[PDB]
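Give the three-dimensional model of this entry:
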Amino acid sequence: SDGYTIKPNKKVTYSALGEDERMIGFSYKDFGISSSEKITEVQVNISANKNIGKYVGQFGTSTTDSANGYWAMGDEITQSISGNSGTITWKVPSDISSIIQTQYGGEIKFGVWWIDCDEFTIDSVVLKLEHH
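Residues are numbered from 1 along each chain as shown. Okay, here it is:
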């Protein structure tokens, strides 16, 4: 197939996160992804009990690259969501995608540096793929 989805229904209160807890982690093994598959995009679908407004954050992932601490981060994303639900998307760079570690404890992490609506729910996280 060409993608996997999880539905964690994880309630997040931004203002209750400590300075070292602003990245929400999900184990790659929860998706059922194969090591033969290349991730091109990560989508996080969120909702709230009011208009979400602006999100600012970054994604990070485990990698197989020991020289860089088995970790990589994507670019900062700023996004305005006008209504009560929306989707944040990371297009994964080819160089990071080629070394993502989905096995042996590897995780995808959703960083929330700021969000206007304090409480929101992560309804689903989606990985989009390619092959060959």
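
now the helices: where do they sit in the chain?
94-97 (DSSP state H).

So what sits opposite the residue nearest the centre of it in the bridge?
By Cα atoms, centre = their mean, the chain has its centre lying nearest to residue 110, at 3.8 Å. Beta-bridge pairing for residue 110 (DSSP bridges): residue 24, residue 59.

That one touches residue 23, doesn't it?
Yes. Contact criterion Cβ atoms under 8 Å: residue 110 and residue 23 qualify, at 6.8 Å. Yep, even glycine has a C-beta here, placed from its N, CA and C like the rest.

wait, what's in contact with the closest residue to residue 8 other than its chain neighbours?
Using Cβ to Cβ, 6 or more residues apart in numbering and skipping residues adjacent in sequence, the residue nearest residue 8 is residue 122, 5.7 Å away. Counting by Cβ atoms under 8 Å, 6 or more residues apart in numbering, residue 122 makes contact with 8, 9, 10, 12, 24, 44, 45, 46, 110.

And the residues you listed, which two are furthest apart?
Taking Cβ to Cβ as the measure, those reach their widest spread between 9 and 110, a distance of 14.3 Å.

Share the number of residues neighbouring residue 92, please.
For residue 92, the count of nearby residues is 21 (other Cβ atoms under 10 Å).

Would you agree it is in contact with residue 63?
No. Counting by Cβ under 8 Å, residue 92 stays clear of residue 63, with 11.2 Å between them.

Quickly list what's touching both of these two.
Joint contacts of residue 92 and residue 63 (Cβ under 8 Å, 6+ apart) are residue 100.
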